[PDB]
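> Following this line is start.pdb, made up of PDB, C-alpha atoms:
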ATOM      1  CA  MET A   1     151.867  80.138-108.554
ATOM      2  CA  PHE A   2     148.325  79.576-107.333
ATOM      3  CA  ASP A   3     144.887  81.207-107.246
ATOM      4  CA  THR A   4     144.680  80.085-103.603
ATOM      5  CA  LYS A   5     146.741  80.467-100.432
ATOM      6  CA  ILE A   6     147.218  77.995 -97.532
ATOM      7  CA  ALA A   7     147.309  79.544 -94.080
ATOM      8  CA  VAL A   8     147.590  78.052 -90.609
ATOM      9  CA  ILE A   9     146.626  80.229 -87.591
ATOM     10  CA  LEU A  10     147.593  79.120 -84.075
ATOM     11  CA  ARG A  11     146.682  80.484 -80.659
ATOM     12  CA  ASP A  12     149.924  82.189 -79.572
ATOM     13  CA  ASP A  13     149.919  80.958 -75.961
ATOM     14  CA  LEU A  14     150.268  77.247 -76.865
ATOM     15  CA  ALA A  15     153.424  75.348 -75.920
ATOM     16  CA  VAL A  16     155.678  74.667 -78.922
ATOM     17  CA  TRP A  17     154.821  70.939 -78.893
ATOM     18  CA  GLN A  18     151.098  71.894 -78.936
ATOM     19  CA  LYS A  19     151.607  74.232 -81.919
ATOM     20  CA  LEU A  20     153.357  71.404 -83.802
ATOM     21  CA  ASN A  21     150.659  68.836 -82.865
ATOM     22  CA  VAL A  22     147.824  71.242 -83.926
ATOM     23  CA  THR A  23     149.634  72.161 -87.196
ATOM     24  CA  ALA A  24     150.059  68.495 -88.084
ATOM     25  CA  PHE A  25     146.359  67.749 -87.559
ATOM     26  CA  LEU A  26     145.132  70.885 -89.304
ATOM     27  CA  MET A  27     147.265  70.123 -92.382
ATOM     28  CA  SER A  28     145.931  66.553 -92.560
ATOM     29  CA  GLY A  29     142.485  68.149 -93.094
ATOM     30  CA  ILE A  30     143.860  70.505 -95.748
ATOM     31  CA  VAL A  31     145.268  67.569 -97.747
ATOM     32  CA  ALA A  32     142.064  65.507 -97.299
ATOM     33  CA  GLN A  33     140.086  68.494 -98.676
ATOM     34  CA  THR A  34     142.403  69.152-101.670
ATOM     35  CA  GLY A  35     144.428  66.077-102.674
ATOM     36  CA  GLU A  36     145.516  68.018-105.778
ATOM     37  CA  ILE A  37     148.159  69.917-103.719
ATOM     38  CA  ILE A  38     150.294  66.767-103.479
ATOM     39  CA  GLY A  39     153.073  66.613-106.083
ATOM     40  CA  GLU A  40     155.575  64.088-107.450
ATOM     41  CA  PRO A  41     157.662  61.923-105.098
ATOM     42  CA  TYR A  42     160.963  63.242-103.744
ATOM     43  CA  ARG A  43     164.022  61.332-104.973
ATOM     44  CA  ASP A  44     167.489  61.723-103.487
ATOM     45  CA  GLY A  45     171.003  61.496-104.999
ATOM     46  CA  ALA A  46     171.203  57.776-104.271
ATOM     47  CA  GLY A  47     167.909  56.756-105.861
ATOM     48  CA  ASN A  48     165.980  56.703-102.581
ATOM     49  CA  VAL A  49     162.305  57.715-102.920
ATOM     50  CA  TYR A  50     160.241  59.709-100.395
ATOM     51  CA  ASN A  51     156.647  60.860 -99.900
ATOM     52  CA  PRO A  52     155.385  63.525-102.269
ATOM     53  CA  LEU A  53     154.586  66.803-100.456
ATOM     54  CA  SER A  54     152.393  69.902-100.913
ATOM     55  CA  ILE A  55     153.415  71.791-104.013
ATOM     56  CA  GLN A  56     151.833  74.925-102.523
ATOM     57  CA  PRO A  57     153.467  77.188 -99.883
ATOM     58  CA  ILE A  58     152.023  77.240 -96.374
ATOM     59  CA  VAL A  59     151.981  80.438 -94.285
ATOM     60  CA  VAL A  60     151.944  79.986 -90.475
ATOM     61  CA  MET A  61     150.495  82.708 -88.223
ATOM     62  CA  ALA A  62     149.599  83.251 -84.560
ATOM     63  CA  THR A  63     147.168  85.440 -82.628
ATOM     64  CA  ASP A  64     145.125  85.745 -79.423
ATOM     65  CA  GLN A  65     141.953  83.855 -78.454
ATOM     66  CA  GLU A  66     139.405  86.519 -79.396
ATOM     67  CA  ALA A  67     141.258  87.378 -82.584
ATOM     68  CA  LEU A  68     141.214  83.680 -83.560
ATOM     69  CA  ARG A  69     137.460  83.639 -82.895
ATOM     70  CA  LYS A  70     136.775  86.430 -85.429
ATOM     71  CA  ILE A  71     139.020  84.715 -88.021
ATOM     72  CA  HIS A  72     136.961  81.559 -87.434
ATOM     73  CA  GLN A  73     133.750  83.654 -87.789
ATOM     74  CA  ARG A  74     135.050  85.371 -90.945
ATOM     75  CA  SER A  75     135.819  82.009 -92.617
ATOM     76  CA  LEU A  76     132.269  80.714 -92.066
ATOM     77  CA  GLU A  77     130.857  84.025 -93.299
ATOM     78  CA  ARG A  78     132.937  83.581 -96.482
ATOM     79  CA  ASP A  79     131.614  80.021 -97.047
ATOM     80  CA  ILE A  80     135.050  78.464 -96.419
ATOM     81  CA  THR A  81     135.350  74.931 -95.056
ATOM     82  CA  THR A  82     138.317  74.942 -92.677
ATOM     83  CA  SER A  83     140.349  72.592 -90.513
ATOM     84  CA  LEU A  84     139.701  73.445 -86.847
ATOM     85  CA  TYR A  85     141.166  72.371 -83.505
ATOM     86  CA  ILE A  86     139.721  73.402 -80.111
ATOM     87  CA  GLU A  87     141.403  73.334 -76.683
ATOM     88  CA  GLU A  88     139.279  70.468 -75.359
ATOM     89  CA  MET A  89     140.649  68.168 -78.082
ATOM     90  CA  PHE A  90     143.923  68.020 -76.106
ATOM     91  CA  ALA A  91     142.041  65.889 -73.518
ATOM     92  CA  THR A  92     141.825  62.722 -75.668
ATOM     93  CA  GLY A  93     143.665  61.091 -78.543
ATOM     94  CA  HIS A  94     140.512  59.462 -79.980
ATOM     95  CA  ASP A  95     138.860  60.763 -83.160
ATOM     96  CA  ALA A  96     135.342  59.762 -81.980
ATOM     97  CA  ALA A  97     135.818  61.493 -78.611
ATOM     98  CA  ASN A  98     137.300  64.648 -80.124
ATOM     99  CA  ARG A  99     134.584  64.915 -82.777
ATOM    100  CA  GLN A 100     132.105  64.461 -79.885
ATOM    101  CA  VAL A 101     133.548  67.268 -77.730
ATOM    102  CA  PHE A 102     133.962  69.451 -80.821
ATOM    103  CA  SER A 103     130.156  69.204 -81.293
ATOM    104  CA  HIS A 104     129.649  70.677 -77.775
ATOM    105  CA  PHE A 105     130.747  74.142 -78.930
ATOM    106  CA  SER A 106     129.743  76.788 -81.460
ATOM    107  CA  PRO A 107     131.885  79.644 -82.924
ATOM    108  CA  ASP A 108     130.714  82.068 -80.213
ATOM    109  CA  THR A 109     131.718  79.658 -77.382
ATOM    110  CA  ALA A 110     134.615  77.547 -78.715
ATOM    111  CA  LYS A 111     138.213  77.901 -77.517
ATOM    112  CA  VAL A 112     139.885  77.537 -80.907
ATOM    113  CA  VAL A 113     143.584  76.770 -80.648
ATOM    114  CA  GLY A 114     144.208  76.485 -84.399
ATOM    115  CA  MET A 115     142.640  76.798 -87.834
ATOM    116  CA  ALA A 116     143.867  76.218 -91.362
ATOM    117  CA  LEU A 117     142.318  77.147 -94.644
ATOM    118  CA  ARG A 118     142.980  77.067 -98.371
ATOM    119  CA  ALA A 119     141.010  79.626-100.388
ATOM    120  CA  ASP A 120     141.306  82.260-103.115
ATOM    121  CA  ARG A 121     144.272  84.368-102.073
ATOM    122  CA  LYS A 122     142.442  87.708-101.602
ATOM    123  CA  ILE A 123     139.731  86.039 -99.487
ATOM    124  CA  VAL A 124     142.348  84.402 -97.194
ATOM    125  CA  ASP A 125     143.967  87.797 -96.461
ATOM    126  CA  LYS A 126     140.548  89.234 -95.474
ATOM    127  CA  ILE A 127     139.792  86.231 -93.255
ATOM    128  CA  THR A 128     143.161  86.272 -91.465
ATOM    129  CA  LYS A 129     143.209  90.064 -90.817
ATOM    130  CA  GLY A 130     144.729  90.828 -87.425
ATOM    131  CA  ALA A 131     146.946  87.735 -87.185
ATOM    132  CA  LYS A 132     150.751  87.978 -87.046
ATOM    133  CA  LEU A 133     153.127  85.803 -89.092
ATOM    134  CA  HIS A 134     154.824  83.351 -86.753
ATOM    135  CA  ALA A 135     158.318  83.751 -85.382
TER
END
Translate the structure described by the file into structure tokens.

Amino acid sequence: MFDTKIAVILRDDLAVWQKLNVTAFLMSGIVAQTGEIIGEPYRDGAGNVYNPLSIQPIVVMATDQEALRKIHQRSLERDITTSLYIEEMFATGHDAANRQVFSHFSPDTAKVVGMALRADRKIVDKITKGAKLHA
């Protein structure tokens, strides 16, 4: 059990492939930020070894555009550093280009399609208010 909680919030209108793509990228940021979540390697019944994974549970949620905006706004207000993915980042597969386009928007104008955060559990619940757990 953990002081913190990991949450991923997606824009509900995304295609399923888009939700999976965004989740993958958001989580890469979460691991980069807190390498301590990675555990021991997985080992199967034949002696095969696999990547170690997050030891901490990950809650996935979805909501609408304007609801995702306030969640974004709440996280900044609470001094949380988040992973963030905007709609325009679907237009290229290049880190430099996507970081560039990302810089063209602010929280009041961005079209956020996903966000992930890891923060003290009570804080996370306040930030994510409104969002629905994903089906």
> The PyMOL selection byres ((chain A and resi 58) around 10) - which residues does that actually catch in the file I just gave you? List them as a PyMOL selection string.
chain A and resi 5-8+27+54-57+59-61+116-118
> Can you turn the PyMOL selection byres ((chain A and resi 73-79) around 9) into a concrete residue list for this file, as a JSON list (two decimals) with C-alpha atoms, in the frame of the given file?

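So the final result, stored in selection_35.json, reads:
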[["chain", "number", "residue", "atom", "x", "y", "z"],
["A", 68, "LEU", "CA", 141.21, 83.68, -83.56],
["A", 69, "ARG", "CA", 137.46, 83.64, -82.90],
["A", 70, "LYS", "CA", 136.78, 86.43, -85.43],
["A", 71, "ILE", "CA", 139.02, 84.72, -88.02],
["A", 72, "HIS", "CA", 136.96, 81.56, -87.43],
["A", 80, "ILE", "CA", 135.05, 78.46, -96.42],
["A", 81, "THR", "CA", 135.35, 74.93, -95.06],
["A", 82, "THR", "CA", 138.32, 74.94, -92.68],
["A", 107, "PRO", "CA", 131.88, 79.64, -82.92],
["A", 108, "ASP", "CA", 130.71, 82.07, -80.21],
["A", 117, "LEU", "CA", 142.32, 77.15, -94.64],
["A", 123, "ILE", "CA", 139.73, 86.04, -99.49],
["A", 124, "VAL", "CA", 142.35, 84.40, -97.19],
["A", 126, "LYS", "CA", 140.55, 89.23, -95.47],
["A", 127, "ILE", "CA", 139.79, 86.23, -93.26],
["A", 128, "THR", "CA", 143.16, 86.27, -91.46]]
> Tell me which of A:64, A:52, A:83, A:20 sits closest to residue 40 in chain A, counting only C-alpha atoms.
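Answer, going by the shortest atom-to-atom distance: A:52.
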> Taking the file above as input, evaluate the PyMOL selection byres ((chain A and resi 2) around 9) and report the hits as an MDAnalysis selection string.
chainID A and resid 1 3:5 56 120:121
> Just how far from CA of residue 95 in chain A is CA of residue 51 in chain A, in Å to one decimal?
24.4 Å
> When distances are computed from all atoms listed in the file, which of A:16, A:50, A:9, A:26 shows the smallest separation from residue 130 in chain A?
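Residue with the minimum atom-to-atom distance to residue 130 in chain A: A:9.
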> Residues within 6 Å of (147.8, 82.4, -86.1), file coordinates, counting all atoms listed in the file: what are they? Give the list as a list in words.
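Here the neighbourhood of the point contains residues 9, 10, 11, 61, 62, 63 and 131 of chain A.
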> Please report the interatomic distance between CA of residue 88 in chain A and CA of residue 19 in chain A in Å with one decimal.
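Taking CA of residue 88 in chain A as the start and CA of residue 19 in chain A as the end point, the length is 14.5 Å.
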> Could you jot down the CA of residue 106 in chain A to CA of residue 134 in chain A separation for me, Å, one decimal place?
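So the two atoms, CA of residue 106 in chain A and CA of residue 134 in chain A, lie 26.5 Å apart.
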> How would you write as a PyMOL selection string the residues that get within 6 Å of (139.9, 78.0, -82.8) in the file's frame, counting all atoms listed in the file?
chain A and resi 68+85-86+111-115
> When distances are computed from all atoms listed in the file, which of A:94, A:24, A:66, A:53 shows the smallest separation from residue 37 in chain A?
A:53
